[PDB]
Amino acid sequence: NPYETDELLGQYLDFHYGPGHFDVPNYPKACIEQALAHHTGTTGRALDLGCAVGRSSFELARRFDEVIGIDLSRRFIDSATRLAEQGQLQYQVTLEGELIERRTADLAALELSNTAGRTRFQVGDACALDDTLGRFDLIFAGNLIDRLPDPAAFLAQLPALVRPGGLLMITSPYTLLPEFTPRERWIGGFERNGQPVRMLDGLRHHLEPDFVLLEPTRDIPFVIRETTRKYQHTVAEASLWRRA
């Protein structure tokens, strides 16, 4: 699992808690700002699936009474929990080759410490969530669907996990790779009967009519830092879904 490596840990801690790159706003925060601009229901409980090191969960906790963050990576979850409990952590990022630099993530500097106690992070599989998880006013899944081995199994849980009137938000650049998703399990990104099936088409097929797409979808860009000089700069599609 690459998400258990130090290489990815430093990249994702900078992604979630570091300074911006190329003047692009922080992505977990930008995503939750859009979710909160559209949630018209109660604010008791939110779920952050594939939460990584937790920035979107802490942002949700500014408004929700309880926020549950779930990720398969124990190293990611241990970092999110240390941030919730200590308010700070330190990590390394790559400068060039073996040359590295130590950095700090700080909830208080981000105005996130006061509500960190509303979060709870746990290791879990988003394709097979525990049956004790209950249901939620809001569910966020950022950059997750194209990293799952069984997207259909993931999506099949969501109607039961969102209260009617609640909000589901999915973001993805749709970077489909057999290393992450077996081709036979793709829900889009191919032609069928000689016509294109986009990932968004697959999302609609699996979620409608239990969910209603709040049209139109929105592009949200993001920048991941790999070295001092190398970055990924990608445009995710955000789709917002109201539970019927």
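Residue numbers here begin at 1 and follow the sequence given.
Stretches 166 to 174 and 129 to 137 differ in mean CA B factor, with 129 to 137 having the higher one. Mean CA B-factor, 151 to 159 versus 106 to 114: the higher value falls on 106 to 114.
Annotation for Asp48, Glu59, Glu191, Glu66: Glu191 ranks highest, by Cα B-factor. In this PDB entry, the Cα temperature factor of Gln92 sits in the bottom third of its chain's modelled residues, the lowest group. Per the deposited record, the Cα B-factor of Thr40 falls in the highest third when ranked against the other modelled residues of its chain. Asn26 sits in the lowest third of its chain by CA B factor, as recorded in the PDB entry. Sort the chain's modelled residues by C-alpha temperature factor and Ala52 lands in the lowest third, per the entry.
The deposited CA B-factor of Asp71 belongs to the lowest third of values across its chain.
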